[PDB]
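Below is one structure, written out as structure tokens; the observations come after it.
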Amino acid sequence: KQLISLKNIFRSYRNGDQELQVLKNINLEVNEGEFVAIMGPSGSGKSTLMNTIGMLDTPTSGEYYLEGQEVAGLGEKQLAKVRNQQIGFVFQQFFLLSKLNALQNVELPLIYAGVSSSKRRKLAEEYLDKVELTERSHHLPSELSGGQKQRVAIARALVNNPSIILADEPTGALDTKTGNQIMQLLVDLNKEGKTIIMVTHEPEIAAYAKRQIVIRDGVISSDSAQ
Amino acid sequence: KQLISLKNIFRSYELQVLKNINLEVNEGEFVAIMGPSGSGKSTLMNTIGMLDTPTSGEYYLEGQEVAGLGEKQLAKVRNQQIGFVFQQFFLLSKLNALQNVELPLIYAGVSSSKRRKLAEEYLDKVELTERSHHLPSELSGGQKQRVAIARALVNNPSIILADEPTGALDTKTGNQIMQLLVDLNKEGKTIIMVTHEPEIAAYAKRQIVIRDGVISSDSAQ
Amino acid sequence: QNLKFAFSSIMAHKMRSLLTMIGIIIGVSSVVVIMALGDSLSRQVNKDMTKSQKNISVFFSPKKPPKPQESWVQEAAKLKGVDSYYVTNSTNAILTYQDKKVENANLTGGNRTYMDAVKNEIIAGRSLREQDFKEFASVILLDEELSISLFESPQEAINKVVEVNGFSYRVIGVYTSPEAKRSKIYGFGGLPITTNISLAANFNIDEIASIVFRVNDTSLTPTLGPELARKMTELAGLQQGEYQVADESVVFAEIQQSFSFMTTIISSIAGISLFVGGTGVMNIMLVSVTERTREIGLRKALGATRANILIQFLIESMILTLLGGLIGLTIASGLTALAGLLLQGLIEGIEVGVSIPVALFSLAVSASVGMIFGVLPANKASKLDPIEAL
Amino acid sequence: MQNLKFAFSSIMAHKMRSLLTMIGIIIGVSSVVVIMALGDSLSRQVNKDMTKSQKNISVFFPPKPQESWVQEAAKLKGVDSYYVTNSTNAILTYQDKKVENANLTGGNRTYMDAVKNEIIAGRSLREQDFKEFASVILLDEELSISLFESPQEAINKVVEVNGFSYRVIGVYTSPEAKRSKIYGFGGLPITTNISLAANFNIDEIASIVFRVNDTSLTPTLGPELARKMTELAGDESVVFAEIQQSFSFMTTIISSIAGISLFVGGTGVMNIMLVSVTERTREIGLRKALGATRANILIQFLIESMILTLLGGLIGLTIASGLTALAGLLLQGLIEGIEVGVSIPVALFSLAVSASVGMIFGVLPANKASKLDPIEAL
Ligand SMILES: [Mg+2]
Ligand SMILES: [Mg+2]
């Protein structure tokens, strides 16, 4: 059950003379099927924490044990394998490649996984079904709505059956009505047992998650574990 | 006085978007337009902004008849009279705040020296201090829309057309930007805005609802 | 895989890619067209190079200038393996007839064996005869296209007086050969032939200059050559000089790599176009990095490695410049073939510019261009930080 | 002229892209202006030598003429000096070595100081060469070296000029000889015209030249000399603008091959301007909402591609002047005594072209930019 396990994590962003500290003694653990929501002001480095967990950033000092094995320090070539298999990234603006249709935009992570073309289209189809996409999969993101683009983006986040879904303000480019539709989807997905860790500046949205975390000045400053 | 006066405005494409639109709007008003998807929500706005010409009917802007004017004419009218505000801000990336604000004044025929004066006065009106020479790269979203709102005001337009101004902004910073608009409405600038959120429409005096090309509600009756 | 992502991107912006290719088409086809002609010109000399290996030129070296008897050369030519021999004069001539003129023709001086030995085919009138030598006759043969230039027709040319160098000569025959047809390239207005004893008597020059032996089995030349030279000195009497074999290649290669030089200078000027084309493909590749900075960042979040991106953007520029230098290589090969089916009013010689060495070199260059001008961008893209890009 | 400010803001927006786009046009205009300028120097040089061919009035009218009359007529007020010459293009051998179709002048006594042949080895024609009927010869510097390696080496040795033995008594040079290379003259040997008439049975005197060194006098004087030299026995420059024509042709053919690189450079900008338009469609809509017309956007995106090529042309021109000067120094071996450089017509021909390159290629994207719908852009 135990997935994320940060420990004594620091991240200092050097910049000429400025050894500017952001994360400091981040201690944190996250178990499978959890729905954590991370909140806090600007400069707290929810960003820096999130990338640290998503393996897009390596911490200055400390440890990060993904499924028990330490992963801060792996070579880029090997680390990029771990990322492909374990992290499903969901972004605020949806980051759909505009020359690919929804289907093949969702297939993209399967290529880097090294999946056969037979399977890739059917894995994609099944997961576009899971997120409930009505407008046809053979359309560019040009001809898709907001909630439909974020659905595709979440399908793409799911295709390689990852351990963690990192979401960064998913409702942020969406209206209350269709945002609440996407937030139920995330609830339904986490109900099926898929772990989620979401950043938001919105109390209304953090409310949907099983566990609240707050950061002040790069220090985890209140959990719901105790 | 009267500024906007749409009467019998049809817009069709074979799809029909607007259908006998009849709306009047007086100076100083603050109208919030809401409606379901593809009601002609935006086609009305782009009609009022003179980016779209109606298939039939009439539009009087400050008493001037503008529907079916020429492209060269309708750009000047647009320039003098309309101040577009956009959800996504639409600031040019390589121009700083001051220059971005100066741009509508370049398309009017105004002195290069005078532009600088007017741009700084309108960065002041929107409470933006010491970011005169910042690029949008260097500004927050609130700061960006503040710059973009200054650009809408610089040519003393009759109308501020606003399309979900706080959509890219968080709820805190939206309320700040929404207050900014209210204050500018208090000083006397007319705002026709469009929004999906009731929390945002709240701020306006009047409340229009369009369903399928025709106005259905109007809190002014 | 990385090849498919390459092709997808090119297809994504068709008219951008197309336009980029056109810069490489233009440049490759210009260089290949110029390189074709300069090669074809070169290979049509290297035909004559190997016809000349049947000949064995002997000359008087002063160190290991006495009158050379002709019957020495006949006696030397007895030597087994030698099929024929001949001796010649040469000179320049300005060749006026009536109002016409060809002011640089190479007037040759045969010796009764010469015409037969070199196998010249008489098309109008007669070849040199025995009478013409014993009467010291100022008689002249003209090559096919000298007769056409000077007298409208080989037939019409017969029994006309043509002033040679202010010296009246009577036209006895018109000949033609392979060599005469194609000898405009060596910079000659004509190849008229007369008796060596006429050249030697009209103009001051003495009557033998080049001494030649034809040896149709070419494998004998390394041995028969110096033997014919030795035999010449045994017959000439030891006049303290010694006859030696003239090297044929040191005067052919002297004009072979003068054509080569001047091909290179014009081929280079055309190459400037391919080089500009190259900077063009680099530049558009760089816009496709900044165009796709977010895309690369997203790709790396999904599991693209630096290495993947690096070879993807390489492959993408290579697909442009190869497909370019192939469309280009073809359109060159075309124009070259129709430039040849046109040079027929000047040359009777194979000029298609197919040359496998230049074809393969075009592709080899076309590859290098994409590889060279495509790495800086492909590098840029591979190094992009996912966090800064997203 | 806000379109010019708009143009420069855009150029400066992507500096290293606008730079790489300009480098196509620099590389293109450089190489075109270099070829055009050398070919122009070769033509202008030939054109200077024609204004030497007007200080030499040549009278022609055969009957056997006599130097006594030319000597007489040379007292006339404008006439600076005279000479009379003898011609053949015969071949100079020297023991296996062999120069082809050298222009063998046979001068009279006055010929040496009237033309001014500066001798660099030994001695010029003395009178005891005329009087004693000697077969002696002067060789030109480049003919001297080609036939005998050095200048001093050639001296006091035997040449075979068309067969006849001539003793090399000296070797000379001038500017007019050093450029004889370009008129296809194998060499310019001078000799005694007495010994050209003896050794070749040509007439002693065949050209009659009247040196007049007042340019604004050859009309009226020159026709008088022709009708004085006709009282005894009862015209204009030759094919000088023929080499002028032939060079200009070879300049074109080569300069056009260089010109392809400018054509690719031109498709270069068109490709970069086309991405410019797509990649700022949103700006174009924004601008049109602020009051930009269809026509404004058109002549903005055009001025930008014109400035971009025009700059590249203007830079390329400059870099093709440094290049076309050390080219001058390179051609102090081959041709030499030449003023090589980029004339004012050639210079602004390139500006007109580079401007025109920017326009031709740049109207197509500037059009696409102009017809962009503001609604779809925003
Ligand atoms: Mg943060
Ligand atoms: Mg609508």
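Cβ atoms come from the backbone with ideal geometry, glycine included; neighbour counts cover every protein chain shown. Any read-out appearing in this document is the output of simple, stated calculations on the displayed coordinates, not a laboratory observation.
Checking the Cα-Cα distances for C:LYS134/C:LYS231; C:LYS4/D:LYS371; C:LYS67/C:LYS160; C:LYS54/D:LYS97 against a 31 Å cut-off, the pairs over it are C:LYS4/D:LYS371; C:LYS67/C:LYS160. Compared with the alpha-carbon gap, the fully stretched path from C:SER71 to C:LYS383 is longer by 103.9 nm at 0.36 nm per residue. By the rule of a C-alpha distance below 17 Å, with chain neighbours fewer than 8 residues away ignored, the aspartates and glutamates paired with B:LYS144 are B:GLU102, B:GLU120, B:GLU121, B:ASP124, B:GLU127, B:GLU130, B:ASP163, B:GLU164, B:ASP170, D:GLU283. Taking every DSSP bridge with both residues inside chain D, close to 80 percent are antiparallel.
Measuring nothing but how far apart in sequence close Cα pairs (under 8 Å, 6+ apart) lie, relative to its length, chain A scores a relative contact order of 29 percent. Here the sum of -39500 (n - 2.57) over DSSP H runs of 4 or more residues, divided by the residues of chain D, equals -19000 deg cm²/dmol at 222 nm, to the nearest 500. Cβ-to-Cβ counts within 10 Å put B:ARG211, B:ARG206, D:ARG227, A:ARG83 in ascending order as D:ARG227, B:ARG211, B:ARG206, A:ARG83, the fewest first. Determine the alpha carbon to alpha carbon distance for each of C:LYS51/C:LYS184; A:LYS122/A:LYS149; A:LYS7/C:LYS300 and list only those over 21 Å. Correct reply: A:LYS7/C:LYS300. Taking one equal scatterer on every alpha-carbon of the range D:190-257, how large is log10 of I(q)/I(0) by Debye at q = 0.13, 0.14 1/Å? Debye output, listed in q order: -0.72, -0.78.
State the extension gain, in nm to one decimal, for the chain segment bounded by A:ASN161 and A:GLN181, taking 0.36 nm per residue of separation less the distance between their alpha-carbons.
Fully extending the segment from A:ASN161 to A:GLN181 adds 5.0 nm.
Distance between the C-alpha centres of the range D:44-112 and the range B:1-54: 96 Å, rounded to the whole angstrom. For the pair B:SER37 and D:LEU323, a Förster radius of 60 Å applied to the C-beta separation gives a FRET efficiency near 0.40, rounded to the nearest 0.05. With the cut-off at under 15 Å, measuring from each backbone N in the range B:152-185 to a point 7 Å along the Cα-to-Cβ line of B:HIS134 picks out B:173, B:177. Relative to one another, the C-alpha centroids of the range C:203-257 and the range B:169-192 are positioned 105 Å apart. Per-residue Cβ neighbour counts within 10 Å put C:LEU326, D:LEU308, D:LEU317 in the sequence C:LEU326, D:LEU317, D:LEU308, beginning with the fewest. Here the simple spin-label model places points 7 Å from the Cα toward Cβ, and for A:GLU143 and D:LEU364 these points are separated by 2.9 nm.
State, to one decimal in nm, how far the label point of C:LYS78 lies from the label point of C:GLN240, with both points 7 Å from Cα in the Cβ direction. Each label point lies 7 Å from its Cα, and together they span 2.9 nm. Tell me whether the range B:1-110 comes out rounded, prolate or oblate; compute the Cα gyration tensor, take square roots of the eigenvalues as a ≥ b ≥ c, and use a/c under 1.5 as the rounded threshold. It is prolate, given that a/c is not under 1.5 and a/b is the larger ratio.
A crude spin-label estimate for the pair C:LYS54 and D:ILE344, with each label 7 Å from Cα along the Cβ direction, gives 6.5 nm. On a C-alpha basis, how far is the centre of the range C:172-187 from the centre of the range D:186-201 in Å? Whole number, if you could? What the calculation gives is 34 Å, centre to centre. A Förster radius of 25 Å combined with the Cβ-Cβ distance from B:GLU197 to B:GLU27 puts the calculated FRET efficiency at roughly 0.45. Put in order of Cβ neighbour count within 10 Å, fewest first, the listed residues D:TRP69, C:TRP72 become D:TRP69, C:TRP72.
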